[PDB]
Amino acid sequence: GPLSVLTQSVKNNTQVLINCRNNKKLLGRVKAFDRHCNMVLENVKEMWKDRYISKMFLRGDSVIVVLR
Amino acid sequence: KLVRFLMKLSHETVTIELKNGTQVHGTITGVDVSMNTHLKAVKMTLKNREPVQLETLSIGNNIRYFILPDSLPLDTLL
Amino acid sequence: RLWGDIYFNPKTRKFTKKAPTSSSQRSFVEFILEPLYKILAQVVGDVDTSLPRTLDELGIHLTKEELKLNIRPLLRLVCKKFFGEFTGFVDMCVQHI
Amino acid sequence: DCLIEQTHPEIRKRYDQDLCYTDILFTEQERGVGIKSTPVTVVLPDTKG
Amino acid sequence: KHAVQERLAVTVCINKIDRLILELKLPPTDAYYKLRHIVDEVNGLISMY
Amino acid sequence: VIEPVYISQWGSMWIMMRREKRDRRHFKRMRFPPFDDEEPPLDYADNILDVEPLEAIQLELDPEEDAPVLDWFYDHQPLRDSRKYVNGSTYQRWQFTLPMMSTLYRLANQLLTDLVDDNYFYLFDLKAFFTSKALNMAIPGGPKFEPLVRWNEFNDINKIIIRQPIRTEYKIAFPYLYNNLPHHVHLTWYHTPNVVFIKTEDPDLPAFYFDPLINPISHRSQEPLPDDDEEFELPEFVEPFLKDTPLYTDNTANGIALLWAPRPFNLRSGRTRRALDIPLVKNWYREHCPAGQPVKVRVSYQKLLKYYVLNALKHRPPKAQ
Amino acid sequence: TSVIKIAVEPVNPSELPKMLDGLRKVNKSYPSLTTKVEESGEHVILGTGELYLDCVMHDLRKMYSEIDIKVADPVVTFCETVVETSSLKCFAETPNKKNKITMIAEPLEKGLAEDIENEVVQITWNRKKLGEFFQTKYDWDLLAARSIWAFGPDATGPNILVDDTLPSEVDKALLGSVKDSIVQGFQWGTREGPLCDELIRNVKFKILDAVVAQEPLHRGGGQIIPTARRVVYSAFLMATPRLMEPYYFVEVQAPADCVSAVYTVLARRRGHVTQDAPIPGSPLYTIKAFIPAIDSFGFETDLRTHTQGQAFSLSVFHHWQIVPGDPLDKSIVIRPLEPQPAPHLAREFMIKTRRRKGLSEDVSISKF
Amino acid sequence: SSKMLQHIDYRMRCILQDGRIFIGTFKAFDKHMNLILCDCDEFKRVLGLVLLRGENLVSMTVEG
RNA sequence: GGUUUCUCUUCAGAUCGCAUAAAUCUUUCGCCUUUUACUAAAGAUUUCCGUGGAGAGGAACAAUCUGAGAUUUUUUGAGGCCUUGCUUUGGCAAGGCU
């Protein structure tokens, strides 16, 4: 709820790092969330070396943890 | 919200990575309300092998990550 | 199933090509035209008696100053709130042009 | 005019008289008839968004 | 006739349906009959052209 | 005053004046001056303060048909004490309801026009009269003005084909086409779509009903229908949106008639105007004069139109001050 | 088709080029607008209707030019046609007096001009396909069906060139060598027009003889075309020509009580009601009628005036008919301002158009 | 529930959740992505008509 | 997070007014001995009868009122395990397992 809105505000104001369940940590500006925990992030570098991507949409089933 | 952006970006060529390590890059033709999508001219890279050209590839929710194109403004769908 | 002499049976809840009873309207009349008639009749005739009940049945909420408008801009506002943005014309030009 | 008012938020039709966005010539305003065809480039959503 | 002869896709919208309701006060079955008559006339004109 | 209440009150006045002149055997004018030049002015307290006044004109209303205006129709300030109708005792803004608006529209029937659109005023409106003044040419129904401004081979008689003469009306309707030197000319409004509105007489008929004045449709090659009962039965608790709502009420035809009412009667709310600023008879001379009238009243119609056009032409927006 | 013709003049002649610049400006701003300069020096604007030309003239007077401008009365542009065949087998010859062209002109059938103008048949078709198209529905001979050379004043124009030469088929290679120059002579002759400098329509030009000089070269290198123009004009003049007047199709939407009043307006303007019908689902009526285009000036204004603005009409170009008079009757006297009756109409239109642009006298044997 | 219309009659190559790859002509599919395909040739074996569940099909590609 | 009413200040570019008067000046007319008072058109300005928005102060009434606010296919367990190179010691890349 409001904690997800605060996390989206932190990801708009800074870079949020999310570690998925597929052993990949992606750091970048997360733009949108979802009710099924799907995350849409802009300019995200995912390390699993860090590879850069412009826009990445990930389903919430493969997500594990996230932080600012 | 994210499904709305995925349906809105269903014209340009995008790259979708499955949970099995298969990555397919091609032009999205139709994306449903679920994660099932259809792609054309897909230069699908095999799992630690060479890529192949597929005319029409249909993917349940087996896709883990999808690389959306750069056509995404701050208020295109927000 | 809407347009073109298809009738609706609420007992079987099914759309048939044959009218089930006499004086039974078609699906386009009963499902599309008659609620439009009832919406415009409730606006232009019953703006103060049964209009907020009718707007509550449609899930449309209006402010106090919006109900003080004259009949043509209020009806325009009610139809804009009900039908929303213009999407059928856009879908026509997508799947037919 | 309806498509413009759907797209443009601060452009609103007046209550008494009809707005006419594409009729930009004053001859079309005084005559009340379309004279010259006008193009409009707009971005519109469908039912699927 | 000109749109058929220019080889373009043709779609039809029926504007001013409120004139069937507020202005003419038709019953809704007769409004359906008028709309179907309009559609049949346009289809007959296209099939003739 | 509220403008529809004022117009309805004067329409009721018009009805009782016509009835009184029809029914009285000998109407007698009061003499002028009522008092002599040496008769002193009467004291109010000695003569007028302690006598009961006589009756007013006051058209009696039907308690059934004219119910929602029956209580307050003949007050000085009609609904000033009420709060849900007027804004207060400064009596500035008014909000009314549609049944009593239809009652006022019925009561003001004698002083109102029968037209539903401006297509009656084709070459008989303000822009046409401005063009007519600027060209120094006039329709015989319209007014006349002073001139504003005061060899050609196009006027050669051996090069001009005449089948129909170029009249005044074509020089007004298309003024840049048929006039050399057009100056200070206003383009008239073109055709407006015809308001095909059917007036119902009896309230026993339904509000949505095929009138005999409308021509029948008489509808007389396959449709892309789906398969009959193959699939797609409707789920439970789905319905048309307003199934419990009736199609039409008793106020529906009155509201539909109020949609195409004249200018003060197609409103739910408005601002009160001064009693000087309401011309009750402007629509009478803004239309054409009826046939069979004598010369004197047609000249009166022309002069009223001339004064109206001269008021509209010289009008400027007011300054700040 | 833009058929309404309006002459335009500046008030001060010293401001003559300025409005000319504005004329170029209105030619930039209207697609179907045609501006011509005649031999008389006047400038001619062609339009489709009264409202269209009113908008053009308002834009000329207020936007692209500040010059006060005189406007003439509106007229139409006519065409030229024939009724009966060439009674005399007329002919002409080259300035190098070896080639001799003999050709006669006769009118076409009913559907042929509208079949050519709607591009049902083209010159890019197969010769056998074109011959089958003529033979199945026009019952032409196959010799005549293979005889068709060229069309009209332009591509898909409503005139047909047919070559039927039996003694000149022995040098038909040389006939095909001069065929192209015969074609441009035919195009120029049907584009210009000898009667009142208007277009020629619904004529079949049938060649009878072609005495071509053997290997002409020096004489067959440009002298063929004005010879062919004189042949076309002389064959046209010997076949009782007529003026060919445009007609408008008018649809009127009216209330039921005003309909007969609409008839009255057509009674003053040489019109006739094609079809009166009630509109289904509406309390109005549709009156479809045909009017002459000359009598159509201010028809809408008179219709709205006589019906208190209730009846409204729209009008568009439909087709052409023949003027009831004869254009070449010298015995017809023309009153200078009286509206002429029906047998004097073509003579009046002829005389006034020729006084408008060209020479007053017309000679039937002016070429040969 | 929408991909069955475009591949109603054409043969397709299917990839199951066990890593198996098959080729066969699909006939009909259910609303829960349970697709029935005839002549499903295993890649080397032949199985004929077989129905696959929605969670079984990891990916699909159009063969015919 | 009240209404009504009174007064003052400021801004009006909306048909500020779904109504419409008068005056001054400069010219053209008409009447015409001359001057007011006049005729009726244009242009440039003003006055008057009214109006809208915002702010401030006062008085009388309700004293609140009006708001915003889990397993059964595709969003949760098919989860663990040995070997090869790196070990970047949290594991990655490859095989049969269950």
# chains A, B, ... in the order shown; residues from 1 in each chain; ligands from 1
$ select_by_dssp --residues "chain B" --states "alpha helix (DSSP H)" --output "PyMOL selection string"
chain B and resi 2-8
$ closest_atom_pairs --of "chain H" --to "chain I" --cutoff "10 Å" --atoms "only C-alpha atoms (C1' of nucleotides)" --output "JSON lines"
{"residue": "H:32", "atom": "CA", "partner": "I:73", "partner_atom": "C1'", "distance": 6.9}
{"residue": "H:33", "atom": "CA", "partner": "I:73", "partner_atom": "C1'", "distance": 8.2}
{"residue": "H:34", "atom": "CA", "partner": "I:73", "partner_atom": "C1'", "distance": 8.7}
{"residue": "H:53", "atom": "CA", "partner": "I:73", "partner_atom": "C1'", "distance": 6.6}
{"residue": "H:54", "atom": "CA", "partner": "I:73", "partner_atom": "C1'", "distance": 5.2}
{"residue": "H:55", "atom": "CA", "partner": "I:73", "partner_atom": "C1'", "distance": 4.8}
{"residue": "H:56", "atom": "CA", "partner": "I:73", "partner_atom": "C1'", "distance": 8.0}
$ write_last_selection --atoms "C-alpha atoms" --output "JSON list (two decimals), in the first residue's frame"
[["chain", "number", "residue", "atom", "x", "y", "z"],
["H", 32, "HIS", "CA", -6.73, -23.08, -19.73],
["H", 33, "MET", "CA", -4.25, -23.55, -22.65],
["H", 34, "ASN", "CA", -4.88, -27.31, -22.85],
["H", 53, "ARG", "CA", -1.88, -28.98, -20.21],
["H", 54, "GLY", "CA", -1.44, -25.23, -19.87],
["H", 55, "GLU", "CA", 1.48, -25.46, -17.44],
["H", 56, "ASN", "CA", 3.17, -28.16, -19.54]]
$ interface_residues --of "chain E" --to "chain F" --cutoff "12 Å" --atoms "only C-alpha atoms" --output "number ranges by chain"
E: 16, 18-41, 43-44, 47
$ interface_residues --of "chain C" --to "chain E" --cutoff "7 Å" --atoms "only C-alpha atoms" --output "PyMOL selection string"
chain C and resi 29+33-34+37+97
$ residues_around --residues "residue 52 in chain B" --least-positions-apart "6" --cutoff "7 Å" --atoms "only C-alpha atoms (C1' of nucleotides)" --output "PDB file with C-alpha atoms, in the first residue's frame"
ATOM      1  CA  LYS B  43      15.792 -14.266 -33.707  1.00  0.00           C
ATOM      2  CA  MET B  44      15.491 -16.668 -30.794  1.00  0.00           C
ATOM      3  CA  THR B  45      18.793 -17.527 -29.133  1.00  0.00           C
TER       4      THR B  45
END
$ interface_residues --of "chain C" --to "chain D" --cutoff "6 Å" --atoms "only C-alpha atoms" --output "short mmCIF file (atom, residue, chain, number, x, y, z; two decimals) with N, CA, C and O atoms, in the first residue's frame"
data_model
loop_
_atom_site.label_atom_id
_atom_site.label_comp_id
_atom_site.auth_asym_id
_atom_site.auth_seq_id
_atom_site.Cartn_x
_atom_site.Cartn_y
_atom_site.Cartn_z
N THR C 87 -13.76 5.18 -28.08
CA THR C 87 -12.92 4.03 -28.37
C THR C 87 -13.44 3.13 -29.47
O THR C 87 -12.63 2.44 -30.10
N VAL C 90 -12.15 4.43 -32.80
CA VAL C 90 -10.72 4.14 -32.91
C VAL C 90 -10.50 2.67 -33.26
O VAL C 90 -9.67 2.35 -34.11
N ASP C 91 -11.28 1.78 -32.65
CA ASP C 91 -11.18 0.36 -32.97
C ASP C 91 -11.69 0.06 -34.37
O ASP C 91 -11.17 -0.85 -35.03
#
$ closest_atom_pairs --of "chain B" --to "chain A" --cutoff "6 Å" --atoms "only C-alpha atoms" --output "Markdown table"
| residue | atom | partner | partner_atom | distance |
| --- | --- | --- | --- | --- |
| B:64 | CA | A:58 | CA | 6.0 |
| B:65 | CA | A:58 | CA | 4.7 |
| B:66 | CA | A:57 | CA | 5.3 |
| B:67 | CA | A:56 | CA | 4.8 |
| B:68 | CA | A:55 | CA | 5.0 |
$ interface_residues --of "chain G" --to "chain F" --cutoff "6 Å" --atoms "only C-alpha atoms" --output "PyMOL selection string"
chain G and resi 54+58+70-72+280-283+298+308-309+336+339+352+356
$ write_last_selection --atoms "N, CA and C atoms" --output "short mmCIF file (atom, residue, chain, number, x, y, z; two decimals), in the first residue's frame"
data_model
loop_
_atom_site.label_atom_id
_atom_site.label_comp_id
_atom_site.auth_asym_id
_atom_site.auth_seq_id
_atom_site.Cartn_x
_atom_site.Cartn_y
_atom_site.Cartn_z
N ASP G 54 -18.36 32.68 -54.42
CA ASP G 54 -18.47 33.76 -53.44
C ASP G 54 -17.33 33.70 -52.43
N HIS G 58 -14.46 36.54 -52.10
CA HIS G 58 -14.20 37.16 -50.81
C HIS G 58 -12.74 37.01 -50.40
N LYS G 70 -14.11 44.99 -59.90
CA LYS G 70 -15.41 44.77 -60.53
C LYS G 70 -15.58 43.30 -60.90
N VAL G 71 -16.78 42.79 -60.65
CA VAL G 71 -17.15 41.41 -60.95
C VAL G 71 -18.26 41.43 -61.99
N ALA G 72 -18.10 40.63 -63.04
CA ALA G 72 -19.14 40.51 -64.04
C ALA G 72 -20.22 39.54 -63.57
N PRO G 280 -38.40 8.36 -45.53
CA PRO G 280 -38.91 7.38 -44.55
C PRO G 280 -38.36 7.66 -43.16
N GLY G 281 -39.25 7.67 -42.18
CA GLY G 281 -38.86 7.98 -40.82
C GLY G 281 -38.66 9.45 -40.54
N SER G 282 -39.05 10.33 -41.44
CA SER G 282 -38.94 11.76 -41.27
C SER G 282 -40.22 12.41 -41.77
N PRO G 283 -40.58 13.58 -41.25
CA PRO G 283 -41.78 14.26 -41.76
C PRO G 283 -41.52 15.14 -42.97
N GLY G 298 -29.09 31.75 -58.11
CA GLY G 298 -30.05 32.19 -57.12
C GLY G 298 -31.28 31.33 -57.01
N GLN G 308 -40.33 30.39 -46.78
CA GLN G 308 -39.97 30.92 -45.46
C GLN G 308 -38.77 30.18 -44.85
N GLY G 309 -37.81 29.83 -45.70
CA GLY G 309 -36.60 29.17 -45.25
C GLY G 309 -36.75 27.71 -44.93
N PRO G 336 -31.70 43.28 -77.12
CA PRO G 336 -30.47 43.47 -76.34
C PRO G 336 -30.59 43.13 -74.87
N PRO G 339 -35.21 38.69 -72.19
CA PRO G 339 -34.91 37.25 -72.16
C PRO G 339 -35.54 36.55 -73.35
N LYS G 352 -23.53 36.15 -77.96
CA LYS G 352 -22.98 36.78 -76.77
C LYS G 352 -21.63 36.18 -76.38
N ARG G 356 -18.14 38.05 -76.45
CA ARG G 356 -17.37 38.05 -75.22
C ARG G 356 -15.89 37.78 -75.49
#
$ select_by_dssp --residues "range 24-59 of chain B" --states "strand (DSSP E)" --output "list in words"
residues 24, 25, 26, 27, 28, 29, 30, 31, 37, 38, 39, 40, 41, 42, 43, 44, 45, 51, 52, 53, 54, 55, 56, 57 and 58 of chain B
$ write_last_selection --atoms "N, CA, C and O atoms" --output "mmCIF file, in the first residue's frame"
data_model
loop_
_atom_site.group_PDB
_atom_site.id
_atom_site.type_symbol
_atom_site.label_atom_id
_atom_site.label_comp_id
_atom_site.auth_asym_id
_atom_site.auth_seq_id
_atom_site.Cartn_x
_atom_site.Cartn_y
_atom_site.Cartn_z
ATOM 1 N N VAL B 24 14.193 -14.648 -26.865
ATOM 2 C CA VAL B 24 13.708 -14.465 -28.227
ATOM 3 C C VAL B 24 13.491 -12.980 -28.468
ATOM 4 O O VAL B 24 12.786 -12.320 -27.699
ATOM 5 N N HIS B 25 14.091 -12.456 -29.533
ATOM 6 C CA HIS B 25 13.949 -11.057 -29.913
ATOM 7 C C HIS B 25 13.223 -10.984 -31.248
ATOM 8 O O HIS B 25 13.695 -11.543 -32.245
ATOM 9 N N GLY B 26 12.090 -10.293 -31.267
ATOM 10 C CA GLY B 26 11.290 -10.202 -32.476
ATOM 11 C C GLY B 26 10.169 -9.207 -32.287
ATOM 12 O O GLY B 26 9.997 -8.627 -31.213
ATOM 13 N N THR B 27 9.403 -9.006 -33.357
ATOM 14 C CA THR B 27 8.318 -8.032 -33.326
ATOM 15 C C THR B 27 7.089 -8.668 -32.690
ATOM 16 O O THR B 27 6.609 -9.704 -33.161
ATOM 17 N N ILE B 28 6.586 -8.057 -31.624
ATOM 18 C CA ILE B 28 5.404 -8.572 -30.943
ATOM 19 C C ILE B 28 4.175 -8.247 -31.777
ATOM 20 O O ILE B 28 3.948 -7.090 -32.146
ATOM 21 N N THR B 29 3.384 -9.270 -32.092
ATOM 22 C CA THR B 29 2.168 -9.099 -32.875
ATOM 23 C C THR B 29 0.919 -9.013 -32.011
ATOM 24 O O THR B 29 0.053 -8.173 -32.266
ATOM 25 N N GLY B 30 0.807 -9.862 -30.996
ATOM 26 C CA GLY B 30 -0.345 -9.833 -30.118
ATOM 27 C C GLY B 30 -0.032 -10.312 -28.718
ATOM 28 O O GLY B 30 0.527 -11.397 -28.535
ATOM 29 N N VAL B 31 -0.386 -9.508 -27.720
ATOM 30 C CA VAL B 31 -0.186 -9.845 -26.316
ATOM 31 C C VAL B 31 -1.543 -9.836 -25.630
ATOM 32 O O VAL B 31 -2.295 -8.861 -25.744
ATOM 33 N N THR B 37 2.133 -14.318 -25.290
ATOM 34 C CA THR B 37 2.390 -13.356 -26.350
ATOM 35 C C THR B 37 2.782 -14.090 -27.623
ATOM 36 O O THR B 37 3.253 -15.228 -27.591
ATOM 37 N N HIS B 38 2.578 -13.416 -28.751
ATOM 38 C CA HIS B 38 2.954 -13.926 -30.062
ATOM 39 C C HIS B 38 3.970 -12.982 -30.684
ATOM 40 O O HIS B 38 3.781 -11.762 -30.670
ATOM 41 N N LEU B 39 5.043 -13.546 -31.227
ATOM 42 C CA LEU B 39 6.108 -12.767 -31.835
ATOM 43 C C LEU B 39 6.400 -13.300 -33.229
ATOM 44 O O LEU B 39 6.210 -14.486 -33.512
ATOM 45 N N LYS B 40 6.862 -12.404 -34.096
ATOM 46 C CA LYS B 40 7.186 -12.729 -35.473
ATOM 47 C C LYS B 40 8.588 -12.232 -35.793
ATOM 48 O O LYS B 40 9.068 -11.263 -35.189
ATOM 49 N N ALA B 41 9.216 -12.915 -36.764
ATOM 50 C CA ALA B 41 10.617 -12.731 -37.176
ATOM 51 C C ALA B 41 11.565 -12.831 -35.982
ATOM 52 O O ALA B 41 12.481 -12.026 -35.807
ATOM 53 N N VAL B 42 11.325 -13.839 -35.150
ATOM 54 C CA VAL B 42 12.000 -13.947 -33.862
ATOM 55 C C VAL B 42 13.388 -14.535 -34.074
ATOM 56 O O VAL B 42 13.529 -15.663 -34.553
ATOM 57 N N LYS B 43 14.417 -13.767 -33.716
ATOM 58 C CA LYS B 43 15.792 -14.266 -33.707
ATOM 59 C C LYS B 43 16.053 -14.865 -32.329
ATOM 60 O O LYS B 43 16.738 -14.291 -31.479
ATOM 61 N N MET B 44 15.486 -16.048 -32.113
ATOM 62 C CA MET B 44 15.491 -16.668 -30.794
ATOM 63 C C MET B 44 16.832 -17.343 -30.551
ATOM 64 O O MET B 44 17.231 -18.232 -31.308
ATOM 65 N N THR B 45 17.526 -16.916 -29.501
ATOM 66 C CA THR B 45 18.793 -17.527 -29.133
ATOM 67 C C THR B 45 18.538 -18.750 -28.263
ATOM 68 O O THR B 45 17.793 -18.679 -27.279
ATOM 69 N N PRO B 51 21.543 -18.949 -32.441
ATOM 70 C CA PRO B 51 20.162 -18.487 -32.597
ATOM 71 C C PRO B 51 19.545 -18.957 -33.908
ATOM 72 O O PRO B 51 20.233 -19.270 -34.881
ATOM 73 N N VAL B 52 18.215 -18.997 -33.910
ATOM 74 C CA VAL B 52 17.445 -19.442 -35.063
ATOM 75 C C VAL B 52 16.325 -18.448 -35.333
ATOM 76 O O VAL B 52 15.834 -17.767 -34.426
ATOM 77 N N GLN B 53 15.908 -18.382 -36.594
ATOM 78 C CA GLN B 53 14.847 -17.484 -37.028
ATOM 79 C C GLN B 53 13.525 -18.240 -37.042
ATOM 80 O O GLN B 53 13.399 -19.267 -37.718
ATOM 81 N N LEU B 54 12.548 -17.733 -36.298
ATOM 82 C CA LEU B 54 11.223 -18.325 -36.209
ATOM 83 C C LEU B 54 10.197 -17.367 -36.797
ATOM 84 O O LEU B 54 10.234 -16.161 -36.526
ATOM 85 N N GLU B 55 9.288 -17.914 -37.607
ATOM 86 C CA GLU B 55 8.283 -17.085 -38.266
ATOM 87 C C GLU B 55 7.201 -16.637 -37.292
ATOM 88 O O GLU B 55 6.753 -15.486 -37.345
ATOM 89 N N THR B 56 6.765 -17.525 -36.403
ATOM 90 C CA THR B 56 5.710 -17.202 -35.449
ATOM 91 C C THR B 56 5.919 -18.032 -34.194
ATOM 92 O O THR B 56 5.838 -19.262 -34.244
ATOM 93 N N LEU B 57 6.182 -17.363 -33.075
ATOM 94 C CA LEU B 57 6.424 -18.025 -31.801
ATOM 95 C C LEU B 57 5.397 -17.555 -30.783
ATOM 96 O O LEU B 57 5.233 -16.350 -30.573
ATOM 97 N N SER B 58 4.717 -18.504 -30.147
ATOM 98 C CA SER B 58 3.725 -18.212 -29.122
ATOM 99 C C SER B 58 4.244 -18.686 -27.773
ATOM 100 O O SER B 58 4.618 -19.853 -27.623
#
$ interface_residues --of "chain F" --to "chain C" --cutoff "12 Å" --atoms "only C-alpha atoms" --output "PyMOL selection string"
chain F and resi 84-85+93-99+101-102+207-208+221-260+264-270
